[PDB]
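Take a look at the structure set out below.
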Ligand SMILES: CC[C@H](C)[C@H](N)C(=O)O
Ligand SMILES: [Zn+2]
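In the authors' numbering, the protein residues as written are 4 to 920.
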């Protein structure tokens with residue numbers, strides 16, 4: 004009788020063959036310009052702008068890039084399917100050391116050089132172009148949709164002009180100022196750096212305690228025979244630049260029997276270390292030591308005893324070796340006392356002629372790198388070296404050369420944080436104040452991200468903008484030699500900006516000063532000289548809101564954006580640079596909302612690097628699992644924290660994907676034969692039908708609410724529980740007899756099919772942002788779904804009203820299945836017990852007599868899948884709720900239910916179906 008059943012099959016395959024079929028889908032969306040079609044949708048209602056943070060145009064995509072673009076894609080697709088016009092122009096960060104360092108390294112490896120600035124910039128620009136195309140196509144292989152054929156590029160000439168015009172706005176508001184002070188200096192790239200370009204890593208260091216003997220006249224003033232202040236330092240390379248020893252104000256300093264002078268609060272620690280001897284002979288107040296003078300044991304130079312602002316007593320000695328050329332707090336102390344700023348370390352981190360001309364350090368050190376010289380310096384200290392250790396400490400390194408940085412007093416350009424400036428509304432505020440106010444108006448997901456960014460703004464220094472490399476946007480101002488000050492005249496600045504817009508920034512190197520000035524100024528061209536520093540690339544990316552959202556007047560999205568979505572490492576990076584520049588231009592953040600994610604890490608939670616051998620390639624991952632599995636893995640996991648890549652976790656995701664896919668296959672298979680005239684007329688739905696429609700509505704609200712708050716785990720868990728439990732476990736098991744053995748003309752079967760159609764419809768809508776290829780495939784294989792949803796393809800999906808499309812009555816009282824589902828669970832646990840004893844094989848062999856008479860007997864029979872409700876003859880078991888019997892019928896050879904009065908004879912329902920004309 005098997006061939007007399009309803010076939011109930013679909014062409015939608017159980018196997019996804021994802022690595023074969025996904026490229027076909029994505030190629031189609033590119034060929035057909037699906038993102039453009041999305042933006043053009045005629046019934047768009049509302050707008051949604053996600054502003055892409057631009058990856059650097061260097062190298063192939065990392066797993067973190069895929070995580071990022073997939074999450075953006077889910078968020079964007081969610082808004083599209085809610086009915087909005089979407090703005091999502093992806094972009095690329097094309098300048099900076101992330102590109103330039105690769106060129107510098109390749110030149111070195113080729114044993115070649117390239118000193119021509121235009122030709123050098125050309126090699127960098129060609130490298131960004133190459134990898135922009137590579138990353139673009141790799142992004143498209145994730146199934147993401149955006150304006151990838153018209154992306155934004157910081158190397159576009161109009162973009163270079165937009166960045167420069169952002170800088171112009173900073174300068175005209177009085178926040179762009181030169182400062183001279185020690186800052187981060189990367190000797191390996193001969194450039195200043197700021198915080199976002201520094202990576203702190205553990206590093207071993209010498210750690211030394213050094214005695215500076217007081218001069219004879221100072222010992223006479225203090226009335227002791229011997230006294231030497233002891234300092235602690237990890238940088239013997241700066242001892243040549245000492246000008247002072249800074250003490251804590253109004254603090255007691257102990258003089259030992261051997262003549263060492265240290266903070267009394269630290270004497271116990273230092274004597275236990277063996278730095279000084281244990282016997283204290285005299286105590287002195289630091290206020291009485293100020294303006295004594297000591298002698299540097301390295302070079303015999305005077306060192307002033309000074310009082311520092313906040314000298315610490317937790318480490319060291321309480322006497323701080325002070326080198327204004329190499330320490331920012333040292334520098335301010337030096338100026339307060341009108342001391343020399345000694346700085347004889349060149350741009351490559353090597354001692355220069357200054358050590359000879361000023362007698363700071365022996366001539367032999369000329370040309371030596373400061374880190375290389377330290378062993379010989381420590382040996383030169385002789386008896387003044389009281390103790391030498393080796394320690395480990397967290398130390399700043401250059402983000403691209405990975406070499407340790409140093410600090411060098413230098414003249415650079417800064418955006419000031421504590422300089423009051425005129426607000427757009429006419430009030431007066433500092434940038435720090437504006438940025439803190441602006442942070443409070445932004446929504447952070449998770450909300451903990453707010454305090455992370457806030458704390459950085461509270462604590463950050465002035466922002467050094469000027470870099471000494473060639474690949475970037477120049478700080479393209481002239482210094483008037485007649486004034487020694489920059490020219491911020493609007494006519495000059497807009498003349499340069501317009502040149503940049505048309506020709507790009509190459510002209511700043513190529514053109515003469517005269518050719519770069521408005522005609523009104525060319526007679527005075529001899530008085531002007533170009534600043535040749537370039538902008539921090541974090542200023543480039545900080546300006547994307549201006550260059551993309553503002554300068555295209557909303558065609559690429561609104562300013563402020565509705566959402567930005569990046570790694571939580573961008574609090575130190577793009578979030579902060581965009582926040583600061585937004586606050587100068589607009590006095591608010593250029594984003595309304597920040598969503599963050601973690602890092603992709605290995606099975607042990609560790610970062611992937613080539614030096615570790617734990618790198619999983621994005622290509623290998625997509626080839627193994629398929630992009631819809633990778634996308635589901637992202638969505639079905641706690642992406643705000645680090646995501647670990649392991650076989651075990653991807654296997655779990657594949658099982659989820661399989662369950663979703665097998666469920667959609669079953670639904671499609673079991674309404675494939677439905678007559679489409681059913682779609683227009685209403686149906687009489689059973690209580691179980693209604694229970695499922697009501698359950699589907701309740702869980703649909705919960706999936707949607709979870710997805711709205713970007714908690715895709717919570718929503719997918721709700722969806723998966725529904726498909727596993729109420730759908731597959733209860734409804735589809737109860738309906739299989741009718742779906743396969745009732746007549747196609749049976750109105751109860753047709754009503755089940757409509758429920759299955761409504762259920763697949765909701766599954767398609769909710770999974771469309773995540774498994775877009777798979778839902779596209781579902782629609783491709785189901786004509787009934789396409790008619791019912793009025794959908795040509797996945798991009799025509801909308802959130803449908805099941806009530807309206809099935810013609811449900813307005814005030815229908817919901818079903819209450821609590822009692823009958825409690826019976827079902829009790830029956831199934833009693834039935835499990837009888838299968839243990841070998842008494843019966845399945846529920847169909849049973850009759851049940853329910854002790855509660857209020858229950859609907861057909862629904863009991865449906866849900867428990869017994870063949871008979873009522874009393875029979877062979878008792879199997881008894882509970883307080885029900886008695887089970889052997890069903891007093893034969894098994895029907897067609898439907899396998901125990902409903903046949905005669906052996907091997909079709910039951911009454913089957914007999915009619917087999918007879919039907
Ligand atoms: C948001 C990205 C930022 C701007 C930077 N290009 C990076 O890849 O880290
Ligand atoms: Zn039958």
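Every residue gets a Cβ at the ideal spot worked out from N, C-alpha and C, and that includes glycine.
Endpoints, the beta strand (DSSP E) within which residue i is located
i: residue 311; result: 305-311
i: residue 240; result: It is not in any beta strand (DSSP E) - residue 240 carries neither H nor E in the DSSP assignment.
i: residue 733; result: Counting along the chain, residue 733 falls outside any beta strand (DSSP E), and DSSP gives it neither H nor E.
i: residue 140; result: Element bounds for residue 140: not the beta strand (DSSP E) but the alpha helix (DSSP H), 120-143.
i: residue 205; result: 201-217
i: residue 365; result: Run containing residue 365: none; DSSP gives neither H nor E here.
Contact test: residue i Cβ vs ligand 2 heavy atom, cutoff 6 Å
i: residue 897; result: yes
i: residue 738; result: no
i: residue 767; result: no
i: residue 913; result: yes
Counted within 10 angstroms of its Cβ, other Cβ atoms place residue i as buried (16 or more) or exposed
i: residue 278; result: buried
i: residue 76; result: buried
i: residue 134; result: buried
i: residue 486; result: exposed
i: residue 158; result: buried
i: residue 14; result: exposed
i: residue 104; result: buried
i: residue 727; result: exposed
i: residue 748; result: exposed
Alpha-carbon spacing of residue i relative to residue j, whole angstroms
i: residue 629; j: residue 22; result: 5 Å
i: residue 81; j: residue 722; result: 16 Å
i: residue 2; j: residue 488; result: A query on residue 2 cannot be resolved here, the shown segment of the chain reaching from 4 to 920 and no further.
i: residue 271; j: residue 261; result: 15 Å
i: residue 139; j: residue 573; result: 21 Å
i: residue 390; j: residue 242; result: 16 Å
i: residue 584; j: residue 445; result: 15 Å
i: residue 256; j: residue 198; result: 36 Å
i: residue 811; j: residue 701; result: 16 Å
i: residue 89; j: residue 45; result: 13 Å
i: residue 186; j: residue 329; result: 8 Å
i: residue 280; j: residue 269; result: 12 Å
i: residue 161; j: residue 434; result: 27 Å
i: residue 775; j: residue 838; result: 43 Å
Whether residue i touches residue j by CB criterion (7 Å)
i: residue 166; j: residue 543; result: yes
i: residue 91; j: residue 53; result: yes
i: residue 643; j: residue 194; result: no
i: residue 232; j: residue 297; result: yes
i: residue 466; j: residue 202; result: no
i: residue 346; j: residue 412; result: yes
i: residue 758; j: residue 695; result: yes
i: residue 804; j: residue 671; result: no
i: residue 764; j: residue 792; result: yes
i: residue 885; j: residue 875; result: no
i: residue 326; j: residue 289; result: no
i: residue 342; j: residue 246; result: yes
i: residue 468; j: residue 539; result: yes
i: residue 149; j: residue 38; result: yes
i: residue 769; j: residue 706; result: yes
Distance cut-off 6 Å: residue i Cβ against heavy atoms of ligand 1
i: residue 464; result: no
i: residue 569; result: yes
i: residue 539; result: no
i: residue 91; result: no
i: residue 96; result: yes
i: residue 155; result: no
Opening and closing residue of the alpha helix (DSSP H) in which residue i lies
i: residue 493; result: 493-506
i: residue 348; result: From DSSP, residue 348 is part of no alpha helix (DSSP H); its letter is neither H nor E.
i: residue 581; result: 577-588
i: residue 767; result: 750-770
i: residue 879; result: Per DSSP, residue 879 belongs to no alpha helix (DSSP H); it is in the beta strand (DSSP E), 878-881.
i: residue 545; result: 540-545
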